[PDB]
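All ligand and atom numbering here is 1-based and tracks the order in the structure. FYI, side chains are in, hydrogens and waters are out, and symmetry mates aren't considered; it's all heavy atoms of this structure. Below, chains carry the letters A, B, ... as their sequence lines are ordered, and counting in each starts from 1.
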Amino acid sequence: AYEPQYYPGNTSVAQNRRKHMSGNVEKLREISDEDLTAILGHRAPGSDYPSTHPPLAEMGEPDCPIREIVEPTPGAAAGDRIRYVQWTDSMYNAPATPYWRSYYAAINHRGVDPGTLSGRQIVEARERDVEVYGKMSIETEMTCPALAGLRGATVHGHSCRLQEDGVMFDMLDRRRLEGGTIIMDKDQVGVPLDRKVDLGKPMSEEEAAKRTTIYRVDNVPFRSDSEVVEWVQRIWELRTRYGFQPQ
Amino acid sequence: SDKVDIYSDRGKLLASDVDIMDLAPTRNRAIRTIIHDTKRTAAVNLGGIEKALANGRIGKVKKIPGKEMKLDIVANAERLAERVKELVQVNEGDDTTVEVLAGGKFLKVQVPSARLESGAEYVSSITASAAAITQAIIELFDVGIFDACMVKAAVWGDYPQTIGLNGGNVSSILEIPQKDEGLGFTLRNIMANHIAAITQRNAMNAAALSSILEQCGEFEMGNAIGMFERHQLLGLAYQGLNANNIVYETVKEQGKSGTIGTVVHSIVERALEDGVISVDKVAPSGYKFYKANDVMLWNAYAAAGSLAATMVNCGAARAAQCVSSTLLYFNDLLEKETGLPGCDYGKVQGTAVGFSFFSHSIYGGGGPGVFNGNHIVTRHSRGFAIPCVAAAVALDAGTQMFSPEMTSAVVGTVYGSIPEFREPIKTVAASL
Amino acid sequence: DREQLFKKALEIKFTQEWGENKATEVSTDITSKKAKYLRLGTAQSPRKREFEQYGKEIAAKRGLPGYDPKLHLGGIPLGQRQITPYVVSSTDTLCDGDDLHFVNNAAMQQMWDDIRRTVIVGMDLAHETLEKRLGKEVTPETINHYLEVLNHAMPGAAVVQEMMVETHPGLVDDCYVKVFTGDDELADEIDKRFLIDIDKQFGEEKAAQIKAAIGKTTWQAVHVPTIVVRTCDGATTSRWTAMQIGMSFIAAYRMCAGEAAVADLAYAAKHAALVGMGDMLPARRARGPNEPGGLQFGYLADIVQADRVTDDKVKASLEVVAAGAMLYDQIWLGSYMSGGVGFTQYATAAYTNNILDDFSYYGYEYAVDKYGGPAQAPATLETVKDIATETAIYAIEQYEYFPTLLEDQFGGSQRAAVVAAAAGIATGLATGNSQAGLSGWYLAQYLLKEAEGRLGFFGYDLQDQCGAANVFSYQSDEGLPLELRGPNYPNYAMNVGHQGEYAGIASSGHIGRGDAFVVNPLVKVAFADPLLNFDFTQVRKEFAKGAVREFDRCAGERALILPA
Amino acid sequence: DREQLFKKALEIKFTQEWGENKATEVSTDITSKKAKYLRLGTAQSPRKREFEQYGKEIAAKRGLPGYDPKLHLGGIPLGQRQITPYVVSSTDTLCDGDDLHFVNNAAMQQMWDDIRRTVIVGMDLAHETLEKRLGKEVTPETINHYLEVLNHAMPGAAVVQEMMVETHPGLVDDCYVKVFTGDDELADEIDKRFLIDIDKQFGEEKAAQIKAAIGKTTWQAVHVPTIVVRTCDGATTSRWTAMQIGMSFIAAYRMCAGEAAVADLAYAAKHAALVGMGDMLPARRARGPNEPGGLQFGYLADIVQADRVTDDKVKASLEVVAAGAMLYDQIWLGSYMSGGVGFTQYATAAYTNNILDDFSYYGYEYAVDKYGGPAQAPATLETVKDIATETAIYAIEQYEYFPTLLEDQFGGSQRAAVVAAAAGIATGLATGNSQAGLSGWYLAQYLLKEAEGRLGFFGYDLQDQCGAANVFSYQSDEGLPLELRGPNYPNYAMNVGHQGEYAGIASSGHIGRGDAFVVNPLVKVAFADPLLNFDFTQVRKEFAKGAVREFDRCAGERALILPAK
Ligand code: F43
Ligand SMILES: C[C@@H](OP(=O)(O)O)[C@H](NC(=O)CCCCCCS)C(=O)O
Ligand SMILES: O=S(=O)(O)CCS
Ligand SMILES: O=S(=O)(O)CCS
Ligand SMILES: [K+]
């Protein structure tokens, strides 16, 4: 037996980082299957998932011992196209941080291709699998609909000052606070939708500060989580020493 | 079938009735051992490593202040050689050798065959030697984590910022594969100064070692397939290995008062006497146009003649520079004398035209010693030009700035300590 | 309380109107996390309006369109967020970020041309050739005559043949050759018009250190025409130099104009006594010598000359960072290795708004107080851990205390380059060991990642995750002192936000020690020359001049051969 | 009696005063072996006086001297012999030889920049990636929108990110992308502003030949900014092109701005569907792609476009020679591989005074009369021996009938390049085989050597003595059709007076046959574009414009970002 520990630290930030890593995240809002498909912009809502169409020479399944013992995901078994879910998260205590959305995906979802950047975080996977991931990425506490936004392009905003209404700037205006709720009426690449998708209320400033995986000097300073600073120094020192002589 | 008698650097019979196929790089055991040792042997310049460490210097001009580590290296050459052998060898008692030379300044390292057999190229001779000496010095002086990078720089130079060990202290008779002009040029990228230093300035052995390496290069290039195998082997035997004593006896006959032109006349007289050429037709003026009864054998006589003329002309002046003009005018005058193409059907003469230009102008090149079979100036002939350059460099009595004593002290000492490299004609003949 | 050095710049660039961005309506408080988004687009920016206007003229003239702000994704032009200017660090120049794009900045192009068009060629082996082969005497009189001939010939003018056609001197007036020597007796006899006087250019201690490293050797600092390297490439420089050195020796010493000894002078100038700016690159990113990829970090530190004229150690190291961030990220990675809009702001993060200055002065001042002074801290992992952690966490917190600072350096790679450069430079200056500084850079990168839950762009930290292990490795393609690393060091060959900062770290150990040079004393002396078009003692001031279209030493233009 | 085409130019350049050279006192007879040497030096030449005066200003401003005519060996300045001008062949422009130095001629620099800054990139594999991998539809509408986006982005302008800083369009207005296709149905649907119409640019027969070679494929003719290749190098071009193609596909097809499929578009633009101007060079003369050394002789023939607009076969071949002699000898061998005063007149010999024109028209007219017409002479050594000997001996004798011709082409390498180019081009045009032309070039070289008892400079004939044997060799580093040879072909890698002439010979077989292109139909179509700064249909006319400082399409200047004058 083995009980995963995930990450060091004892502050609310470290506790939230372990929640995102372990998948122990609270559900705070609901999105319908068709509204999720509409905002991802890969196919018409309600339509069946299209398949890949590879050349004749690649249709044959090879005799492979690994293919025989690794079960394909539902998306891989159906031959879905590879599609994506990309998020931008404010540095003003958006619950999510790019590395921790990638750790959440790597630990809790099969057959995923996560990518971490400062202003965007992506997960590519077989379309139906990426929608299962996408639903959890938007319904859970990993998202605040004001401090975060699905953006497959023109991502600028993670490090910008918030708007006067507390919403993170979006050059393409895909979602905004409209009459007491967050409305997303364009897909993740800015194409206007023929519907309004209601992403619900934003988190309060206090809730975001309590649920965030980002450290901030005016909330939970990075300097205050001694075990995390120690862990960094330990990895740096051991990598340095073993690079010279691995003993 | 083509047969030859192989004669020594002193014109003495060494082997009779030798099939030229048995002298091929692909069949001759001595040539295969020379190439095997060329690929597995590297030189570690302990003297260079010592000065680089003591002064924080990398190559000729780079110096990082505050990095001086005045480690005592040269005086510890035998202890370091023992540790380098332990690190370079694959198994105890295998074919690895490490020898101290030049009073501790150099190590000759011969990596075991196993490193070449599991590698694609010869470069493990450099990398295993460089890694071995770096580790041995770190151990002997208990060099700490912060300072080991300066031991690394003292051995490997600017690598990996540079493609090779630029400014380092581990080298070979060969240059890195990335410097090859095309496919099969590695054994052609060897300075004529290296050959002359290795063969102790014995002009016949300098031409022989160069001809062996050049023809190994021509074979690896794909220029000795089908009918071209006979073509290149006749050139190797007659120009490189003194077949039928033509090179030595022509030089002896023309040594006292001969010139480039009298060597041309001697070669035409000999080709006619041996039945290699005959009169084709006589012009109204009486000028005789000759025909080649055996084109490849005529080419080989012109290759032998090109070398004999170099020895007579450069030998008389005791000056290497005459080789570029000798290769040009021996072949130009040979064509004017007979109406037949010169060596390599104009390519020795053509190589000599550019070689003369690039050894007497502002644009590049240098003295004869810097040229090689991979040099853009001298690559054009199919291995028939550089053997003459190696002989010419050997015959120089002190006219050159960039002499073998200036450019080839390390290689000359390391590879010159191996008998097969010093005496290639004798070694080739004895392996038959 | 220490007043952060960037606050003045943040007040100017965010709270004072620039163009028609209505800055006072966006926010007047540099600590406010909120701002009023006016979405002014093109209308707020005279610079974007200039580009839009030229785009209309171009489309009309060619019948094929070009620049059009409305072709931005969704038909929404740049400037939905407030467009702000930049203060070039250490200057009072305020400019648009477009004015710092290498294409739009003649000072930046001229800085690269002055490096590209330079090689250093020894004279000793050439003089020895003349003595050995011709029995010629070399004296200060023959050398001075040779230098007059050389400065006529080098730009492309004839000295031997009849009926030669020549370059227009007005197109090549940036081309010249100066000399320097470690032989003080020879230096006192060289014609002062051509001499780089080591005693005048460097302080007593540094001049002695240079002379001891150079010995009694003599060198030519050659600068071929900018128009030639622009028409051709960096690999042209050593060949162009050798051709005119060869002609000048022929004419000045009355040699035969093409004899065997001339080939020895050619081999000496092109190979044996040549000291270029960098060697070739491998097949995938193939280039010949004298290209940015071959320029070792220590060479860029020796090209820059701020340390020669200022005792402010942090300032001198950051002038190296500015030259390197521009050359390596904007020109090299942003054009030679990629292109398009490129990487202006990945580099400007390291030379604007006094931000890297604030972080570096903080770390260095902390180290001076704790360890005593420059080059006094032990070169150990304990010292690196202390200085780099202190400096990195201070820098991390500044982006959180100042939302305007975070919005200015909006990309994580910009924050990573600046946070880690300050940690590395403070560590290098304090220990006098640039390898200790490099170790500090990687520790700072790791701290930033865990602090913000993000680091740089997708591929930013390939070299940083490889980094800690490869600082002190002695393995074949891993080990190397930082001074000799460069853009061809495998881990460093692809990514922005590292190379220029590494040039500053390479300089830091040496600046901490008060060394005259970092890796090549010949390079240091060759660039200690006020006649060079770019002023290498004041890199940031020169970039600021180029930004406002006031840099007046741009070479290589063809106005003289074009219609009026 | 046939009137030699160079006589009018010799009369003008030698017997009519140029500057203050007192030409009528030197000699008024172009056939006279004697001349009165006045030793006027600098005073005769307004151009040398201009250089002298700039030299004094430079010395005064810098405190470090420069140009000084009196630093010529012995204190004797250039011009002890009469300084004469040159007529640019096929033009009425008379200029100083210094006006044809590449440094002093903006048309020459712009010709090289237009080649250096160009690559051709296929669209089919990118469109297939969009359809198969992303399930996106590619239509003429999406392509046309992509091309508008691409022409905004390519010069250095943003399309996805916020707060981007961009290149000044006024500095990069020479940058654009056009397209061409062998799919006629698609050609009729592409936005005409971006199309290179193959039917309009080429005759009916040539357009059909191009379309059959290209097939139903579509290509982008990309021209990155001149200022970029001048600041950087030719190896920048394919990378700059791919970056902005990638951004334009992301924006025009609304892809994720950085997903796995984007890497397939990058690999297609940079590698699988890239058609550059030339590959890299080996270590000794190391350079990346798109440098003159990598430019195959057939590529230079396909870049030049005179054959597309004139039916005069010799004239079309000699426009190729002019482009090649300038690029390969003046810029490439004379600067990239050497430098200094360089090799202006080694190249001008092939494009001045209608001399090469006289010799080539003579040889070609001889071959047309004897064999019937272009591409009708058998491609045999008998034909090569006949045409090349007839042309070479005629050319050799012209230097002896006209002492002014011999004084004009004073260097033996100049005589060798022109005598052999005429023999090679006449042979190539007559046989329709450029390899037969190459064989003729080497025979002419050998005839000239025995005729004058001299050939070229010290190292001129390395490739010519190697030459005859290597024309038809099939050995590893010897064999290759001339169209695929270039400045990196081993024998050719070092010497002046051959490469540009070989580009003309490479063109000659194909011009003789009436072929639309020589070696790459994509290159031929990409340069059949009047929007390019250099007019590739009239090479010599463009060089003449540059010589008199009237070339008005020079790109890459920085006047807009420099203080006002
Ligand atoms: C399409 C890519 C993927 C790729 O391969 N390159 C891109 C785009 C490319 C283009 C954008 C030009 C344009 O807008 O048309 C250029 C300028 C390169 C070019 N072709 O000239 C560039 N990036 Ni990018 N790129 C940058 C950056 C960034 C930051 C921006 C995050 C933010 O919050 O704004 C993120 C990476 C990250 O998250 O860490 C980023 C991503 C991306 N970068 C995403 C687009 C993101 C988006 O959809 O908005 N870049 C930076 O972090 C700052 C410097 C900036 C570069 C331009 C400059 O230096 O001035 C530019 C460097
Ligand atoms: C030979 C070689 O020079 P090195 O021998 O390598 O110095 C070569 N130069 C050249 O080929 C010069 C060609 C141009 C000048 C001569 C024109 S005939 C080069 O620089 O790579
Ligand atoms: O988004 S990516 O990190 O791939 C490129 C940033 S410039
Ligand atoms: O005299 S040489 O043939 O070496 C050079 C002529 S440019
Ligand atoms: K250039």
By the definition salt bridge (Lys or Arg N to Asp or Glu O under 4.0 Å), identify the one residue from A:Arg151, A:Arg120, A:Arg101 that meets it with A:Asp89.
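The residue from A:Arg151, A:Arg120, A:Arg101 that satisfies salt bridge (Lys or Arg N to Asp or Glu O under 4.0 Å) with A:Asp89 turns out to be A:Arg101.
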Please could you name the atoms of ligand 2 that [X] approaches to less than 4.0 Å, counting only its heavy atoms?
X        : value
B:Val377 : 1 (C)
C:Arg239 : 19 (C), 20 (O), 21 (O)
B:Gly364 : 3 (O), 5 (O), 7 (O)
D:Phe343 : 15 (C), 17 (C)
B:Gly365 : 4 (P), 5 (O), 7 (O)
D:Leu333 : 14 (C)
B:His375 : 5 (O)
D:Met494 : 11 (O), 13 (C), 14 (C), 16 (C), 17 (C), 18 (S)

Determine whether [X] and [Y] make a side-chain contact, defined as any pair of heavy atoms from C-beta on separated by less than 4.5 Å.
X        : Y        : result
A:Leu117 : C:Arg454 : no
D:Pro490 : B:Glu181 : no
A:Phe169 : D:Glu162 : yes
A:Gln86  : A:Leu150 : no
D:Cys232 : D:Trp240 : no
C:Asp98  : C:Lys48  : yes
D:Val496 : D:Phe457 : yes
C:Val103 : D:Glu166 : no

Per-pair distances, 0.1 Å, donor-acceptor, side chain in residues 258-267 of chain D, under 3.5 Å, sequence neighbours excluded:
| from | atom 1 | to | atom 2 | distance (Å) |
| --- | --- | --- | --- | --- |
| D:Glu259 | OE2 | D:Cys256 | N | 3.0 |
| D:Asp264 | OD2 | D:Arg133 | NH1 | 2.7 |

With heavy atoms of A:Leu117 as the reference, note each atom of ligand 3 found under 4.0 Å away.
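So the answer, numbered in order with elements, is 1 (O), 2 (S), 3 (O).
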Would you call the rings of [X] and [Y] parallel, tilted or perpendicular, where under 30° means parallel and over 60° means perpendicular?
X        : Y        : value
C:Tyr67  : C:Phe51  : perpendicular
A:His156 : C:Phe410 : perpendicular
D:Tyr492 : D:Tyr502 : tilted
D:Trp332 : D:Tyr336 : tilted

Would you indicate which of [options] comes nearest to [atom] when only heavy atoms are counted?
atom                    : options                                : answer
atom 9 (C) of ligand 1  : D:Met164, D:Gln161, C:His101           : D:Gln161
atom 27 (C) of ligand 1 : C:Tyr346, D:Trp240, C:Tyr460, C:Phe458 : C:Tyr346
atom 18 (S) of ligand 2 : D:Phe458, B:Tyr363, D:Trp332, D:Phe457 : D:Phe457
atom 16 (C) of ligand 1 : C:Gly342, A:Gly115, D:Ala263           : C:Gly342

Do any nitrogen or oxygen atoms of [X] lie less than 3.5 angstrom from nitrogen or oxygen atoms of ligand 1?
X        : value
C:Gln345 : yes
A:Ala153 : no
A:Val155 : yes
A:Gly119 : yes
A:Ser159 : no

Please find the pair of heavy atoms, one from [X] and one from [Y], that lie closest to each other, and give the distance.
X        : Y        : result
A:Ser102 : A:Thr116 : OG-OG1, 2.7 Å
D:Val160 : D:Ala251 : CG2-CB, 4.4 Å
D:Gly334 : D:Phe343 : CA-CD1, 3.3 Å

[X] neighbourhood, listing ligand 1 atoms whose heavy-atom distance to it stays under 4.0 Å:
X        : value
D:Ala257 : 1 (C), 2 (C), 3 (C), 44 (C), 45 (C), 48 (O)
A:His158 : 33 (O)
C:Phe343 : 58 (C), 59 (O), 62 (C)
C:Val341 : 17 (C), 21 (O)
C:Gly340 : 21 (O)
A:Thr154 : 47 (C), 48 (O), 49 (O)
A:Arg120 : 38 (O), 44 (C)
C:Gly456 : 39 (O)

Classify the contact between A:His156 and ligand 1 as side chain, backbone, both or neither, using a heavy-atom distance cut-off of under 4.0 Å.
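Near ligand 1, A:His156 shows its backbone as well as its side chain.
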Using a 4.0 Å heavy-atom cut-off, which part of D:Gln244 comes near ligand 1: side chain, backbone, both, or neither?
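Side chain only; the backbone of D:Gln244 stays clear of ligand 1.
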Salt bridge (charged side-chain N to carboxylate O under 4.0 Å, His left out) with D:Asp329: which residues, sequence neighbours excluded?
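For D:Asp329 there are no salt bridge (charged side-chain N to carboxylate O under 4.0 Å, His left out) partners, ignoring immediate neighbours.
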Taking a cutoff of less than 4.0 Å between a non-hydrogen atom of the residue and any ligand atom, is A:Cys160 in contact with ligand 1?
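Per 4.0 Å heavy-atom rule, A:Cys160 does not contact ligand 1.
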Close approach of C:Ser413 to ligand 1, heavy atoms, under 4.0 angstrom
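The answer is no: ligand 1 sits nowhere under 4.0 Å from a heavy atom of C:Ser413.
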Please walk me through it: do C:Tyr86 and C:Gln345 pass side chain to side chain donor-acceptor pair (under 3.5 Å)?
CA-CA 10 Å; C:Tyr86 291 94; C:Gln345 296 165 123; 2.6 Å; yes
Would you check if the side chain of C:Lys270 reaches a backbone N or O of B:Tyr363 as a donor-acceptor pair within less than 3.5 Å?
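Indeed, once roles are kept as given, a pair shorter than 3.5 Å links the two residues.
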With nothing but distance in play, are any N or O atoms of D:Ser338 less than 3.5 Å from an N or O of ligand 2?
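No.
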Do C:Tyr346 and ligand 3 have an N or O pair less than 3.5 Å apart?
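Looking only at distances, the answer is no, because the N/O contact criterion of under 3.5 Å is not met.
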Sub-3.5 Å N/O-N/O distance, C:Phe457 and ligand 3
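Not met; the criterion fails.
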Please verify whether a non-hydrogen atom of C:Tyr267 lies at under 4.0 Å from ligand 2.
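It does not, in that no heavy atom of C:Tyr267 comes within the 4.0 Å cut-off of ligand 2.
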Within the structure, is a non-hydrogen atom of C:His271 found at a distance of less than 4.0 Å from ligand 2?
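Yes, C:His271 has heavy atoms under 4.0 Å from ligand 2.
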What part of C:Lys270, side chain from CB on, backbone N/CA/C/O, both or neither, has a heavy atom under 4.0 Å from ligand 2?
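The answer is the side chain.
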